[PDB]
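Since the structure comes first, as structure tokens, the remarks are kept for the end.
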Amino acid sequence: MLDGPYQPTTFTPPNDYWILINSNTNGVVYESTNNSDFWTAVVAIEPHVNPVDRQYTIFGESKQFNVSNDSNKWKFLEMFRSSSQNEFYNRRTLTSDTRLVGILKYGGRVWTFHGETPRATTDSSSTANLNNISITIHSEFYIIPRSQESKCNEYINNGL
């Protein structure tokens, strides 16, 4: 079921597989785009961080985000834009003590986990071009087929 760990790389995964990323920095966890209507980058914020501006390179662009974390857990911020001439906004947050992040391509949508562990659930984001969405992963990752989502859900929420 759980294939991997696989080392950091760029590729475009098949549909119907969860990519489950074990984040190991407080920088950019992954960046994903089809260069048309879909850009998502996740940034990781360590526990107990007062509001502060931090610089991140995503999609070859230097960004400053105002960032905070009042929790005992890690916060993973989905930064999203739907066009190359928009700024990013914080579309989703995953508050986690597992440090695991999930991405799935399925049924015309991209699915990720958000909320707070151990009660994070999936959500979808629409796109007109799902097939050309690639991903750059900056950390070790695993592969779990959709068939076994309940397992991926367990991992996201309770760790490996």
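Along the sequence shown, residues are numbered consecutively beginning with 1. Both backbone and side-chain heavy atoms feed into the values below; hydrogens, waters and symmetry mates do not.
- Between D97 and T117, the shortest heavy-atom contact is OD1-OG1, 3.1 Å.
- With hydrogens and angles disregarded, no donor-acceptor distance shorter than 3.5 Å links the side chain of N157 to the backbone of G159.
- When all heavy atoms of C152 and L20 are compared, the pair lying nearest together is SG-CD1, 4.3 Å.
- To the nearest 0.5 Å, the span separating CD on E154 from CG on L100 amounts to 12.5 Å.
- The closest side-chain heavy-atom distance from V110 to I103 is below 4.5 Å.
- Shortest non-hydrogen contact noted between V49 and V67 is CG1-O, 4.4 Å.
- Remark: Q55 CD is packed, more than 12 non-hydrogen atoms of other residues, nucleotides or ligands lying under 6.0 Å away.
- Residues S124 and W111 bring no donor and acceptor atom of their side chains to less than 3.5 Å of each other.
- When each of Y106, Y142, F141, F113 is checked for a ring-ring contact (aromatic ring centres under 6.0 Å, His included) with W18, only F113 meets the rule.
- With values rounded to the nearest 0.5 angstrom, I133 atom CD1 is found 4.5 Å from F38 atom CZ.
- Counting only heavy atoms from C-beta outward, the side chains of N66 and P51 approach each other to under 4.5 Å.
- Side chain to side chain, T10 and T136 meet the donor-acceptor criterion of an N or O pair below 3.5 Å.
- A donor-acceptor pair is defined here as one N or O able to donate and one able to accept, closer than 3.5 Å; no such pair exists between the side chain of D37 and the backbone of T127.
- Heavy atoms only, all atoms of each residue included: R109 and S126 are closest at CG-CA, 4.1 Å.
- The shortest non-hydrogen separation linking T25 to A44 is O-CB, 3.5 Å.
- Between the OG1 atom in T98 and the CG atom in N158 there is a gap of 8.5 Å [rounded to 0.5 Å].
- Among residues two or more places apart in sequence or in another chain, the side-chain hydrogen bond (donor to acceptor under 3.5 Å, both in side chains) test is passed with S23 by none.
- The shortest distance between side-chain heavy atoms of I19 and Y30 does not fall below 4.5 Å.
- The cluster map of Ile, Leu, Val, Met, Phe, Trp and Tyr, joined by side-chain heavy atoms under 4.5 Å apart, puts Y89 and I45 in different clusters.
- Both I21 and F80 belong to a common hydrophobic cluster when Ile, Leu, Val, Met, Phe, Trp and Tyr are linked at side-chain heavy-atom distances under 4.5 angstrom.
- Hydrophobic clustering of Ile, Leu, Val, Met, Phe, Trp and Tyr side chains at less than 4.5 Å, counting indirect connections, unites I143 with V101.
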### Message
Between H48 and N72, is the side-chain hydrogen bond (donor to acceptor under 3.5 Å, both in side chains) condition met? List the steps.
### Response
CA-CA 6 Å; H48 313 297; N72 296 307; 3.0 Å; yes
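- Checking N132 against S36 by side-chain atom types alone, no donor-acceptor pair falls below 3.5 Å.
- Under the 4.5 Å side-chain criterion, counting only non-hydrogen atoms from C-beta, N26 is in contact with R54.
- For the residue pair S62 / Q64, no side-chain donor-acceptor distance below 3.5 Å is found, with atom types taken as modelled.
- Using a 4.5 Å heavy-atom cutoff, the side chains of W74 and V29 are not in contact.
- At a threshold of 4.0 Å, the pair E31-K63 does not count as salt-bridged, since none of the basic side-chain nitrogens sits closer than that to a carboxylate oxygen.
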### Evaluation steps, side-chain contact (heavy atoms from CB on, under 4.5 Å), between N15 and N131
CA-CA 8 Å; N15 298 351; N131 286 170; 3.9 Å; yes
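- Summarising the geometry of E116 relative to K73, their closest heavy-atom pair is OE2-NZ, 3.0 Å, with the distance given to 0.1 Å.
- Interatomic distance, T95 OG1 to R119 CZ, rounded to the nearest 0.5 Å: 13.0 Å.
- Inter-residue side-chain proximity for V28 and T57 is flagged as unmet; no heavy-atom pair is nearer than 4.5 Å.
- When only modelled atom types and interatomic distance are considered, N22 and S139 share no side-chain donor-acceptor pair under 3.5 Å.
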### Task
List the steps, then state whether side-chain contact (heavy atoms from CB on, under 4.5 Å) holds for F76 with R99.
CA-CA 8 Å; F76 298 94; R99 294 236 253 166; 4.3 Å; yes
### Query
Could you go step by step and tell me if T112 and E78 meet the side-chain contact (heavy atoms from CB on, under 4.5 Å) rule?
CA-CA 9 Å; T112 55; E78 260 177 46; 2.6 Å; yes
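- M79 is not listed as a side-chain neighbour of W39, based on a closest heavy-atom distance of 4.5 Å or more.
- Note that CZ of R91 and CG of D123 are 7.0 Å apart. Values are rounded to the nearest 0.5 Å.
- Under the 4.5 Å side-chain contact rule for hydrophobic residues, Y17 and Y6 share a cluster.
- The side-chain heavy atoms of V43 and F88, taken from C-beta on, include no pair separated by under 4.5 Å.
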### Message
Using side-chain contact (heavy atoms from CB on, under 4.5 Å), reason through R146 and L104 one step at a time and then give a plain yes or no.
### Response
CA-CA 8 Å; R146 246 257 299 170; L104 171 78; 3.6 Å; yes
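- To the nearest 0.5 Å, atom OG1 of residue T40 and atom CD1 of residue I135 are 8.5 Å apart.
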